[PDB]
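What follows is the content of query_7.cif (mmCIF, N, CA, C and O atoms and all ligand atoms).
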```cif
data_run
loop_
_atom_site.group_PDB
_atom_site.id
_atom_site.type_symbol
_atom_site.label_atom_id
_atom_site.label_comp_id
_atom_site.auth_asym_id
_atom_site.auth_seq_id
_atom_site.Cartn_x
_atom_site.Cartn_y
_atom_site.Cartn_z
ATOM 1 N N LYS A 1 148.076 110.395 144.626
ATOM 2 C CA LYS A 1 147.555 109.386 143.658
ATOM 3 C C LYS A 1 146.711 110.116 142.583
ATOM 4 O O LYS A 1 145.521 109.898 142.482
ATOM 5 N N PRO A 2 147.337 110.969 141.802
ATOM 6 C CA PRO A 2 146.629 111.830 140.809
ATOM 7 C C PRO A 2 146.221 111.021 139.569
ATOM 8 O O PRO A 2 146.924 110.132 139.127
ATOM 9 N N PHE A 3 145.072 111.385 139.068
ATOM 10 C CA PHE A 3 144.471 110.741 137.859
ATOM 11 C C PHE A 3 144.184 111.828 136.821
ATOM 12 O O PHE A 3 144.039 112.978 137.181
ATOM 13 N N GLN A 4 144.109 111.424 135.580
ATOM 14 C CA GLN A 4 143.829 112.386 134.466
ATOM 15 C C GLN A 4 142.745 111.781 133.561
ATOM 16 O O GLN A 4 142.712 110.579 133.380
ATOM 17 N N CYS A 5 141.893 112.618 133.019
ATOM 18 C CA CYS A 5 140.812 112.122 132.120
ATOM 19 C C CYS A 5 141.424 112.187 130.728
ATOM 20 O O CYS A 5 142.016 113.184 130.360
ATOM 21 N N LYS A 6 141.253 111.117 129.998
ATOM 22 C CA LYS A 6 141.811 111.049 128.613
ATOM 23 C C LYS A 6 140.670 111.304 127.624
ATOM 24 O O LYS A 6 140.625 110.745 126.545
ATOM 25 N N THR A 7 139.782 112.166 128.054
ATOM 26 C CA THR A 7 138.599 112.545 127.233
ATOM 27 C C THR A 7 138.523 114.074 127.142
ATOM 28 O O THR A 7 138.221 114.590 126.084
ATOM 29 N N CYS A 8 138.790 114.761 128.233
ATOM 30 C CA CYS A 8 138.729 116.262 128.202
ATOM 31 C C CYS A 8 140.063 116.859 128.643
ATOM 32 O O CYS A 8 140.521 117.821 128.059
ATOM 33 N N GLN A 9 140.596 116.246 129.670
ATOM 34 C CA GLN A 9 141.895 116.575 130.348
ATOM 35 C C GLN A 9 141.628 117.329 131.652
ATOM 36 O O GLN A 9 141.980 118.478 131.835
ATOM 37 N N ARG A 10 140.988 116.602 132.527
ATOM 38 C CA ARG A 10 140.609 117.108 133.882
ATOM 39 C C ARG A 10 141.311 116.138 134.838
ATOM 40 O O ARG A 10 141.529 115.007 134.454
ATOM 41 N N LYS A 11 141.647 116.558 136.034
ATOM 42 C CA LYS A 11 142.340 115.603 136.965
ATOM 43 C C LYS A 11 141.467 115.218 138.159
ATOM 44 O O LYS A 11 140.488 115.876 138.456
ATOM 45 N N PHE A 12 141.877 114.148 138.795
ATOM 46 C CA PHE A 12 141.149 113.615 139.988
ATOM 47 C C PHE A 12 142.168 113.100 141.008
ATOM 48 O O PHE A 12 143.357 113.104 140.750
ATOM 49 N N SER A 13 141.658 112.664 142.129
ATOM 50 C CA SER A 13 142.513 112.133 143.237
ATOM 51 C C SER A 13 142.386 110.611 143.356
ATOM 52 O O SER A 13 143.287 109.958 143.844
ATOM 53 N N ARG A 14 141.265 110.094 142.918
ATOM 54 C CA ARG A 14 141.024 108.619 142.976
ATOM 55 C C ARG A 14 140.696 108.080 141.582
ATOM 56 O O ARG A 14 140.374 108.826 140.677
ATOM 57 N N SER A 15 140.778 106.781 141.467
ATOM 58 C CA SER A 15 140.487 106.106 140.170
ATOM 59 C C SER A 15 138.964 106.047 140.044
ATOM 60 O O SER A 15 138.422 106.151 138.962
ATOM 61 N N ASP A 16 138.319 105.898 141.175
ATOM 62 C CA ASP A 16 136.836 105.825 141.210
ATOM 63 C C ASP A 16 136.329 107.226 140.883
ATOM 64 O O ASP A 16 135.289 107.365 140.273
ATOM 65 N N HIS A 17 137.078 108.225 141.294
ATOM 66 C CA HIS A 17 136.664 109.627 141.012
ATOM 67 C C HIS A 17 136.745 109.780 139.487
ATOM 68 O O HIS A 17 135.746 110.029 138.838
ATOM 69 N N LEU A 18 137.943 109.622 138.971
ATOM 70 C CA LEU A 18 138.196 109.726 137.499
ATOM 71 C C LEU A 18 137.060 109.047 136.710
ATOM 72 O O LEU A 18 136.434 109.655 135.868
ATOM 73 N N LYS A 19 136.842 107.793 137.014
ATOM 74 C CA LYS A 19 135.775 106.986 136.346
ATOM 75 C C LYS A 19 134.418 107.716 136.380
ATOM 76 O O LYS A 19 133.908 108.073 135.337
ATOM 77 N N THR A 20 133.880 107.911 137.565
ATOM 78 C CA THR A 20 132.562 108.614 137.740
ATOM 79 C C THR A 20 132.461 109.832 136.824
ATOM 80 O O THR A 20 131.443 110.090 136.215
ATOM 81 N N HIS A 21 133.555 110.542 136.774
ATOM 82 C CA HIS A 21 133.632 111.760 135.926
ATOM 83 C C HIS A 21 133.590 111.466 134.409
ATOM 84 O O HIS A 21 132.728 111.954 133.710
ATOM 85 N N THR A 22 134.528 110.674 133.958
ATOM 86 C CA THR A 22 134.636 110.313 132.516
ATOM 87 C C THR A 22 133.329 109.784 131.960
ATOM 88 O O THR A 22 132.990 110.096 130.834
ATOM 89 N N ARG A 23 132.622 109.010 132.748
ATOM 90 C CA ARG A 23 131.334 108.474 132.224
ATOM 91 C C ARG A 23 130.205 109.527 132.091
ATOM 92 O O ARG A 23 129.037 109.188 132.107
ATOM 93 N N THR A 24 130.591 110.773 131.962
ATOM 94 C CA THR A 24 129.616 111.895 131.810
ATOM 95 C C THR A 24 129.838 112.437 130.377
ATOM 96 O O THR A 24 129.135 113.318 129.925
ATOM 97 N N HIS A 25 130.822 111.867 129.715
ATOM 98 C CA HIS A 25 131.192 112.248 128.322
ATOM 99 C C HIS A 25 130.415 111.355 127.352
ATOM 100 O O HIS A 25 129.810 111.833 126.412
ATOM 101 N N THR A 26 130.467 110.078 127.631
ATOM 102 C CA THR A 26 129.771 109.053 126.790
ATOM 103 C C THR A 26 128.700 108.334 127.611
ATOM 104 O O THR A 26 127.642 108.020 127.103
ATOM 105 N N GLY A 27 129.043 108.121 128.857
ATOM 106 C CA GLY A 27 128.162 107.422 129.854
ATOM 107 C C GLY A 27 127.274 106.320 129.252
ATOM 108 O O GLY A 27 126.139 106.148 129.654
ATOM 109 N N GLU A 28 127.865 105.631 128.303
ATOM 110 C CA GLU A 28 127.261 104.495 127.535
ATOM 111 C C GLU A 28 126.041 103.862 128.212
ATOM 112 O O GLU A 28 124.940 103.868 127.695
ATOM 113 N N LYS A 29 126.329 103.334 129.371
ATOM 114 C CA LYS A 29 125.314 102.652 130.230
ATOM 115 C C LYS A 29 125.237 103.317 131.607
ATOM 116 O O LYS A 29 126.036 104.159 131.963
HETATM 117 ZN ZN ZN B 101 136.695 114.321 131.359
#
```

Mind turning the file's structure into structure tokens?
Amino acid sequence: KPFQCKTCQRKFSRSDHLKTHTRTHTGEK
């Protein structure tokens, strides 16, 4: 169940993983 970040281009194994990660780029809230 591979995931990809559409912000840097890093991969993950879970959707929750991907999310936690991506929110370190903008991490709005
Ligand atoms: Zn990223």

*Expressed in Å to a single decimal, how great is the separation between atom N of residue 2 of chain A and atom N of residue 14 of chain A?*
6.2 Å

_Contacts to ligand ZN 101 (chain B) at 6 Å cut-off (all atoms listed in the file) as a ChimeraX atom specification_ = /A:5-10,21-22

*By how many Å are atom CA of residue 25 of chain A and atom O of residue 11 of chain A apart?*
14.2 Å

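Across chain A, DSSP run on the backbone finds strand (DSSP E) at residues 3, 4, 11 and 12 of chain A.
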
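A straight line drawn from atom N of residue 13 of chain A to atom O of residue 1 of chain A is 4.8 Å long.
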
*Please identify which residues in chain A DSSP calls helix (DSSP H, G or I) from the backbone, and express them as a VMD selection string.*
chain A and resid 15 to 22

Give me the box for segment 5-8 of chain A as AutoDock Vina command-line options, namely the centre and edge lengths in Å to one decimal of a box along x, y and z that holds every listed atom plus 3 Å on each side.
```
--center_x 140.1 --center_y 114.3 --center_z 129.6 --size_x 9.8 --size_y 13.1 --size_z 12.9
```
